[PDB]
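Residue-level structure breakdown
Spelled out from the first residue to the last, the chains are:
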Amino acid sequence: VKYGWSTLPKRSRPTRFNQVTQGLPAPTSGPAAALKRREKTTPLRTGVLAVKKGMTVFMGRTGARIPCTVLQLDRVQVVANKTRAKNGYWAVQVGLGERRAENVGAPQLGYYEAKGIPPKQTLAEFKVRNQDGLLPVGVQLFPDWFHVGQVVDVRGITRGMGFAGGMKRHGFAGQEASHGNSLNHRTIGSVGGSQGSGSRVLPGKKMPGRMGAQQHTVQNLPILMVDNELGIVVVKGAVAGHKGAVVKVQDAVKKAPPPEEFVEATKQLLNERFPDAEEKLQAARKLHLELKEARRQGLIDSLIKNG
Amino acid sequence: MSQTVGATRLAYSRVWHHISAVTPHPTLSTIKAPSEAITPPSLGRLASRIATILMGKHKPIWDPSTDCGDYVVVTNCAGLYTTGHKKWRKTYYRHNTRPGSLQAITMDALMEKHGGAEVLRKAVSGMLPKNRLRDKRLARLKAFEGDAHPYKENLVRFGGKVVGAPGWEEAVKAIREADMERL
Amino acid sequence: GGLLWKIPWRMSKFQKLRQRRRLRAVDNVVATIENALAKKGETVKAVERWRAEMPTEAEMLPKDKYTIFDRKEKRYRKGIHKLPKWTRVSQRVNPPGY
Amino acid sequence: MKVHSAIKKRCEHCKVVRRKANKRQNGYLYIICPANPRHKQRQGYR
Amino acid sequence: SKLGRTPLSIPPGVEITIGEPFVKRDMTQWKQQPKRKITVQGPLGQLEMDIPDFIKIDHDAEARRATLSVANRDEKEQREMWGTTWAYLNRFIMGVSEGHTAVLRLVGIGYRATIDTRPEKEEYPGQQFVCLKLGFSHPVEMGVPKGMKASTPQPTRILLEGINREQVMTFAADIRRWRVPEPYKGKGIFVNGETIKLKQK
RNA sequence: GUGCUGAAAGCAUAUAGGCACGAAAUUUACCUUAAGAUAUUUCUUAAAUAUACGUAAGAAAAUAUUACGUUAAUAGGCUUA
RNA sequence: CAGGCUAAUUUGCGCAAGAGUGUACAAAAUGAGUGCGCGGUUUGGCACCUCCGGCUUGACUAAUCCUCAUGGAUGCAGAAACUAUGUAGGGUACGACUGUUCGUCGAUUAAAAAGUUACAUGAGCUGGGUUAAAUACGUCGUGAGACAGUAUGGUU
RNA sequence: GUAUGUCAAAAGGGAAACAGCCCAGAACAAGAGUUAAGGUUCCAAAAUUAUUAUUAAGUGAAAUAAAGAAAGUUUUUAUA
Ligand SMILES: [K+]
Ligand SMILES: [K+]
Ligand SMILES: [K+]
Ligand SMILES: [K+]
Ligand SMILES: [Mg+2]
Ligand SMILES: [Mg+2]
Ligand SMILES: [Mg+2]
Ligand SMILES: [Mg+2]
Ligand SMILES: [Mg+2]
Ligand SMILES: [Mg+2]
Ligand SMILES: [Mg+2]
Ligand SMILES: [Mg+2]
Ligand SMILES: [Mg+2]
Ligand SMILES: [Mg+2]
Ligand SMILES: [Mg+2]
Ligand SMILES: [Mg+2]
Ligand SMILES: [Mg+2]
Ligand SMILES: [Mg+2]
Ligand SMILES: [Mg+2]
Ligand SMILES: [Mg+2]
Ligand SMILES: [Mg+2]
Ligand SMILES: [Mg+2]
Ligand SMILES: [Mg+2]
Ligand SMILES: [Mg+2]
Ligand SMILES: [Mg+2]
Ligand SMILES: [Zn+2]
């Protein structure tokens, strides 16, 4: 085998021919089985991209003092929806920030050209439970997307620490300092047994190497403050990464989803702030073809200088 | 040397054979009486017949070095026949070289994830020569769970009748009779 | 012991068939010699001893063709394929009762 | 319950049954007794 | 079997309908064995089971009787299902006509029982929920399966009713699983005359 | 370990057959890494794109990774708080 | 020394049988002298092979000290504990003494259990014991000297 | 120690791998040649060849774990 128990070649595509409507047992693996086992824990709504701006404390009006992190949402927009009939899973693609057109490549310039959205800085997907979590393309998500007291999960890239030793990377105790130790004060020590243990270093051995700059999730962080003007969403506790780093905020998976009334109110607010998200999208998709057909012919210069 | 001087094209061509794991097989069954008791070919007795086709050993031009094998489409692998209590008592083991990481799974639990086609690929794989042609030969075994497959047009035919169909034998005898009308 | 002499305790149906044919072939060598001499009205002391106290393959019990008597065994029986040069040696009679 | 290698009936009400036998395991032999629960015995090890 | 030979007296009102040998195709099995759908309809309800094909029913409508027989007594599989198929039909015939009942006795100071409706956890409209006070901190509430009528003539006595014996006795065991009779005071739930021997002290 | 139905074996039986309860182990779930099918009404006819160079960095032994390069706040200076 | 073969032996276990103990009552608990075995941990045998603890960092076994499910318990009222069946996920700490593994003790703890891996790991460290040259004591030897005797020191 | 053989100084086939066991003593080639031990579903040259029983445990299938227990099953011999 190469991966798991499957000896099937890698270019074979037999999934459509083994159907459950033909009387076959539902497979235990595959996208369908994966989504059922994660149905309870998948969020109902999408998430937002925020930038870690710093740390502070929230002072209550009766004596409370709560450490918290300030996460700012900068021009967060919905860029695309991932359906189960086209991709195999439900998800919403969200954007953050802005970027100069010259830095954006032609493949991505046309990707936004067919949506009516300015080129974004980053993009990320947020898995949703079902089709009810898909949002219109081109709608901005504000801090009010969450409500005070709501628990969320913050995913971010930890602070890089370069090549770390055994003490910092794996909590090795080290060795003695003065009782005769020769050149072995912070070293890892022995790396395994002798002939009876394989005559080799065993896979999975904890050794020095690079540490940090990996994704880390913090679960169950309440929302202390929500300010739309400032664009910040204050959450209790710490968050992975450095200031100015992009993090992913979404409802907690180990907690009950937000009330039904809230999930509808937030969706009903996107229809008011942007009464026409489809009319502007269909017009953009109609312009992409006109420009895409001009690039093929080579008459794009005429359209640019038309008016 | 005359016997092998000629067109070898069609002797090395890949034929797409077909077999159903549910259809009773009077030859590959151990119960040969009565007619109603004839069972399908067991896992290992079907795999031994398939490994012979993948090697091209059924041909009179077989050579272990040359890859003169054929394709085999096995359908209805969900109803793969097994005797005794193999389905729930046979274990498949796997190791990645790391002590502690031994993965075991029963035949019935392996048929819930990758269906019965994976259980058949493991049997045929172990019956093939352990060399640099084992993965090419095993790749020509296209096993499916039901009756649907993308090779319903590739299966070898004789007069429009797929081999193994109701009237394929009569269609073959009719073409050889016309062949005799020549010097 | 650590040196592996992988000798199974019992014989296979193939070894038993050739053992039957080797016993039956030695019966034809003694009958041919005994019939060739009878025509001349002669006898050999070794041929008269064999026919007396040795049975033919059709008169031997299945346990006498595939087993021998070893006093160091739980049931005083040992596979005949454990005897040195058992394929080229005659062995058909065991102690009585064993 | 007493797991022995030699299970015997200790009264007229003791019964010998093979339980826990299914498609995955062979099971064990039990000495079940409704009169006295101290007669409960099993043959075999999991 | 000495029970499979005994005819089954069909009392007035009960009707036995024998099906025809059919086979439901199963993609997981290469050969399914034919079965026969037997329906037993009457005043209280209708029960249905699928018997193997080797069992033959000689339904005598004239004398209102039905005797069972197997195609081969030498096979262990056919001898067993012969008596088991008879024992089930006997219950079915005597369950759709008269009905099956189970009595539970609640022993213990503070043990009560009521039959109330819990619309919050109803599996089917109008489901009856047996509420039991057995000394637990929480309330123990169980919904009667669709087809059973449960009533409590007294607080310390439950009365289950239904046409399917296997369902009635199985539901009485789930209620008894909360408080199994103890041998020191006799506290627990006793089903259909069940008793426990007490200790000296 | 504990049950319901229930015969072979008129009884009995949680033994066959048909159902069920049940553990810090298991599996899933949760987290990371790897995997890279697939998706975009995406780009490209000698390019798209990437690299090099320069100012750097949420990166950092080399390498790699992530930005920026005048239509520019990438680094330094300067100014204010 | 380690590995190899063996298993008398063991401070490693299991099963069978049941004298006897258990106020009564063999098998709740308990089990004389025995029998049939497993296993490779102690002390040994053979002579095939080559002329010690601590620290750091593990991996695995299950014959289980704690934690989870559970049968039996005239001797299971409850509680705690006893015995046994599942079960090795995690944990099993701190200090005094001794070169010590071991062993004894102090005080906490849900518990302060074991074993294999060259009795894991010295081209990862330590060198206290052991193990050279120096020196003294006791004992032995006519003597030089010796000692599974003891001391101070002694290129890892 | 004794009896016999092999290895030592013996390649080759079989025993998965193999100094000592079962076959058989290599001067060199050719052959669907003929055979020994051993084998004949596939890896792998040759039977998915015939006859009669047993087993349902993957027991077993080329290195027999014991005493022992038991409404597992078959047969035989009595017997109701
Ligand atoms: K130093
Ligand atoms: K190595
Ligand atoms: K019962
Ligand atoms: K994850
Ligand atoms: Mg940094
Ligand atoms: Mg330190
Ligand atoms: Mg190795
Ligand atoms: Mg060896
Ligand atoms: Mg049981
Ligand atoms: Mg009954
Ligand atoms: Mg395109
Ligand atoms: Mg260019
Ligand atoms: Mg650098
Ligand atoms: Mg500046
Ligand atoms: Mg109890
Ligand atoms: Mg777990
Ligand atoms: Mg050591
Ligand atoms: Mg070393
Ligand atoms: Mg000094
Ligand atoms: Mg020599
Ligand atoms: Mg040789
Ligand atoms: Mg072999
Ligand atoms: Mg030939
Ligand atoms: Mg062959
Ligand atoms: Mg085996
Ligand atoms: Zn009893």
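Residues numbered from 1 in each chain as written, not as in the entry; some residues may be left out. Chains lettered and ligands numbered in written order. Part of a larger assembly, values for the part shown. Heavy atoms only, no water.

This deposited entry lists cryo-EM as its structure determination method and 3.10 Å as its resolution.

1. Considering the protein's contact with RNA strand G
What counts is decided by this rule: For this description, a residue counts as near a given molecule or strand if any of its non-hydrogen atoms is within 4 Å of it. A run of DSSP states H or I qualifies as a helix once it reaches four residues; a run of E qualifies as a strand once it reaches two. Both are numbered from the N-terminal end. Ten residues, namely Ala, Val, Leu, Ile, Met, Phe, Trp, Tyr, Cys and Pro, are considered nonpolar, four, namely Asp, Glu, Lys and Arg, are considered charged, and the remaining ones, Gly among them, are considered polar.
Taken together, 39 residues surround RNA strand G, and among them A:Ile188, A:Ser194, D:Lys2, D:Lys8 and D:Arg46 come closest. Across the atoms of RNA strand G situated within 4 Å of the protein, the share located in sugar and phosphate is 79%. In terms of residue count, the dominant contributor to the surface near RNA strand G is strand β1 (residues 2–4) of chain D (3 residues). Class assignment of the residues belonging to the surface near RNA strand G gives a composition of 10 nonpolar, 19 polar and 10 charged.

2. Some words on the protein's contact with RNA strand F
Test applied: Whenever two N or O atoms come within 3.5 Å, that pair is a polar contact, provided that in protein one can donate a hydrogen and the other can accept it, and provided that, for residues adjacent in sequence, both atoms are side-chain atoms.
The environment of RNA strand F is made up of 65 residues, and the closest members are A:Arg37, A:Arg100, A:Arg155, A:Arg210 and A:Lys292. Protein-adjacent atoms of RNA strand F, using a 4 Å cutoff, are sugar or phosphate at a proportion of 79%. With respect to RNA strand F, the side chain of A:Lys292 contributes an N or O atom lying 2.4 Å from a phosphate oxygen. Between D:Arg19 and RNA strand F, the recorded distance is 3.1 Å, taken from a side-chain N or O atom to a sugar or linking oxygen. When contributions to the surface near RNA strand F are tallied by element, the ones reaching two or more residues are α2 (106–113), β9 (215–221) and α5 (279–297) of chain A, β2 (15–19) of chain D together with α1 (76–96) and α2 (165–176) of chain E. Here the surface near RNA strand F takes 8 residues from α1(E), the largest share from any one element.

3. Describing the interface of chain A and chain B
Keep this limit in mind: Throughout, a residue-residue contact means that at least one pair of heavy atoms, one from each residue, lies within 4.5 Å. Computed with a 1.4 Å rolling probe, the buried area is the accessible surface lost when two parts are put together, summed over both parts. Think of a salt bridge as a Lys or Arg side-chain nitrogen and an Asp or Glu carboxyl oxygen that are within 4 Å of each other.
Each partner contributes residues to the interface: chain A has 20 residues there, and chain B has 25 residues. Carbon and sulfur atoms supply 62% of the area that chain A and chain B bury against each other, a total of about 1900 Å² over both sides. Considering only the side of chain A, the residues that lose the most area to chain B are A:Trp5, A:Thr7 and A:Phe17, jointly responsible for 40% of the buried surface there. At the surface where chain A touches chain B, the tally comes to 0 salt bridges. Our count for the chain A to chain B interface comes out at 8 residue pairs in polar contact. Residue composition of the side of chain A that touches chain B, by class: 11 nonpolar, 8 polar and 1 charged.

4. Notes on helix α4 (residues 260–273) of chain A
Residues and elements named next belong to chain A. Rules: Given the number of residues in a helix, its expected span is that number minus one, multiplied by 1.5 Å. Here the term buried applies to any residue with accessible area under 20% of the maximum for its type, exposed to any over 50%, and partly exposed to those in between, with areas from a 1.4 Å probe on protein chains only. This arc describes the spread of directions from the helix axis toward the C-beta atoms.
Helix length check: α4 (14 residues) gives 21 Å between terminal C-alpha atoms against 20 Å at 1.5 Å per residue, within 8%. Residues of α4 that are buried: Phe262, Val263, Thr266 and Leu270. One side of α4 carries all its buried residues, which in axial view fall inside an arc of 105°. Exposed side chains of α4 directed beyond 90 degrees from the buried face belong to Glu260, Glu261, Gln268 and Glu272.

5. As for the sheet that holds strand β12 (residues 157–162) of chain E
Residue and element names in this part refer to chain E. Heads up, the rule is: The criterion for strand pairing is that DSSP finds at least two bridges linking the strands in question. Lines fitted to C-alpha atoms define the axes here, with helix axes fitted over just the stretch in contact, and angles between the N-to-C directions of these axes take values from 0 to 180 degrees.
Taken in spatial order, the 4 strands line up as β11-β12-β7-β13 in an open sheet, and their pairing is antiparallel. At either end of the open sheet lies a strand with only one pairing partner, and these are β11 (148–154) and β13 (188–191). With direction set aside, neighbouring strand axes in the sheet form an average angle of 25°. Across 5 bridges, β11 lies against β12 in antiparallel orientation. By the bridge assignment for β12, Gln154 is matched with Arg157.

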